[PDB]
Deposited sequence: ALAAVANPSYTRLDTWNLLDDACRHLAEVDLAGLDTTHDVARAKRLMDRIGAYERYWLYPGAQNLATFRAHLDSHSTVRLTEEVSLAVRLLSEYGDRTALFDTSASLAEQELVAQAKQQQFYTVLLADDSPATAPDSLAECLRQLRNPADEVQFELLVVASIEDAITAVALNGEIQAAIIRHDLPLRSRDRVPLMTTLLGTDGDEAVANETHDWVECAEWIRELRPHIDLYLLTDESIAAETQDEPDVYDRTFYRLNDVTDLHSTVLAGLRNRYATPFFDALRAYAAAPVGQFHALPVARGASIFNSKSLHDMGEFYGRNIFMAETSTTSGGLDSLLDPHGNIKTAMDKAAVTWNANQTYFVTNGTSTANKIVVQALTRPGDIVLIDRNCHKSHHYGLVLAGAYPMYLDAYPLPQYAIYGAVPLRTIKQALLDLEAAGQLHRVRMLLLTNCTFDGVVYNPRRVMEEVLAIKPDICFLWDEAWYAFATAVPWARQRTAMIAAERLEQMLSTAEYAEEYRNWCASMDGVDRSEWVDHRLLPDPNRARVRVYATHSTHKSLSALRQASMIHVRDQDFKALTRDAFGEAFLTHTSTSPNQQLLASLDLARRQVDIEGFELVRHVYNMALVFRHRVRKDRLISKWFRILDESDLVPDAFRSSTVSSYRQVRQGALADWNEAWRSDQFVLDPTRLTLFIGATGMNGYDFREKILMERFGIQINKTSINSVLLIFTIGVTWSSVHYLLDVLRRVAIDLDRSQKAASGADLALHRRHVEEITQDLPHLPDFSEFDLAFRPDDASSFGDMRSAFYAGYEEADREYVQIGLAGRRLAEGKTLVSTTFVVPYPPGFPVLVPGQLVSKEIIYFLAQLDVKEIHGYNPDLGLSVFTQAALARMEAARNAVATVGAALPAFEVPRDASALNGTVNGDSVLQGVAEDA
């Protein structure tokens, strides 16, 4: 899987340009009559390196790499230079088209011809064209697909040598590495084919699959207009792309997709386990639904003032506490953001397994707004909610899993349920129901238009339990005149993932890893700038190429490299004012979040190596100016700068945990879930609301006049509601908000103070809550 990201093959385009400049240099040597030995040896070495992988690309190929070796071994420098220049020119735009309209590479794994028959079947006028990349082994097939993103389809012989010269298991590896490419089987034994009998129906089937994954029914219909129907087909193709059972297009973003799902699954007073640092759209969806959130604290990253992911032990503990309270039955759903804004990726399969061990019929909503692209690539795909859900269902169905569960139950003889937090947990096969949901803001990660989203449903009980509720929620939240351009953009993004998705997203990951490497190695940047590692953003408690492939497979959290938290603390300037006065003011670089000492940069499918050079050059320029200041600075200026660096990096205020809801708003005194809807509307009783200055708040806590938030206080440096309606304003929250000079705090106005419930109000509400 993750090996596909790291190989010479991805940099092959650069290596071919390198060959084109070595070959030109060889020509410049030969035209001068000088000793060619140096540049012939250079070109030979480069081409021999290229020959490690060029067999897997249609146009330059082994045939023409060999032809160039033959030309070079005859010192035909002029011809060799001309042909290499031509080859790399065609390569730059015609990646594989020069092998011969849509054009796709089709892998044929056949050591045997079928290739020539399929070529003869090709009609040059057809709208979609392909050329066969023939490979003579299973290992060569898997390498070809993984390395070559252009291989839209694969054709596999039943008889194939596993060893490389230089079958169901081959097919499963192709499906694993390249989830969207069409995979076909040939079988001479007395989709699968008979190779001799059907080369014309094989050709037709390959063309049909390619058109199926290229055709955009709704975008084409909208073009024809502008010049149950096509929208159903587009949603079905989206479901097939994102491994959902059903897909629902939403034209008010994932803010509204979240609410549709929450309302569909939750009735008023359903307990929802939710990441405390969830998107605000979840907080508002909860107040709308009237569900009782039990907020789960994401583990702290004190050095950076950012939250991580919610540890699985936290979820398990919450569920088991609710069970001890007898409130587990009420619990209806867990809301987790599969990739945190900062890039901390949950392992959904493990979280759903251990949660369904506690609550076999809980629903999962994964707010994967940033991870729509992830389905394109196997390493991130496996961590996607729909793929995790399918894999979990397929495990729960297997008899071998049933034996494994029986052994696990035997291992759990006499273990208390309270202890279950200590031990890894397996869902019951005969009770665990897989009811997984995802919401994708396609625009954030893909070409889709802004405000276009996709709810992905893989729920075993959707048709009975949730279909009517989900229809009524969809009618509640969507407008009756949805914008057709947004839906067509979702169809276009689906087609992009289906065809271009693997190469695009793999390139994004490559570019993010290249940027990380260049920033780390470069001594001029590295002294002033840092990009936070897995070890920075993911504690050891949660981390256990082979080891890095296993990390994405099996670790609880991984850092997605495409989320690039540039730590700037060594520069001694706020993240906010680094974004403003350097990135935006000087360089126009947009970024997604700022932090006290770090700036988050998210690479997307549109990133190019030119963008990576731009960012690297920008950081080099800033480092140069910082070195200029350091060498011009007096000892007093150096002292001030060192003080700023300490302020930005050392005495950071710990981001506060969720202080509980007030007993006025916790329905169960024994349980942490709160009636946050009630507190939300109660905060609009102006007789019940008052304002407490934060300088007075800390003293009032000593008086015991319990401060309880009426409103979502949402400081931007965290970026999350630090208080929610009905939340106890704790000593740590007072302290945090006091240590903030930032002017963008929503719901908190330092001119007035914290909007808090009056003690009389709280007393009355507590009385009501009792009786």
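Asker: What ranges of the deposited sequence, counted from 1, have no C-alpha atoms in this structure?
Answerer: Holes in the chain trace, numbered from 1: 101-118, 131-136, 191-213, 238-250, 288-339, 657-669, 897-933.
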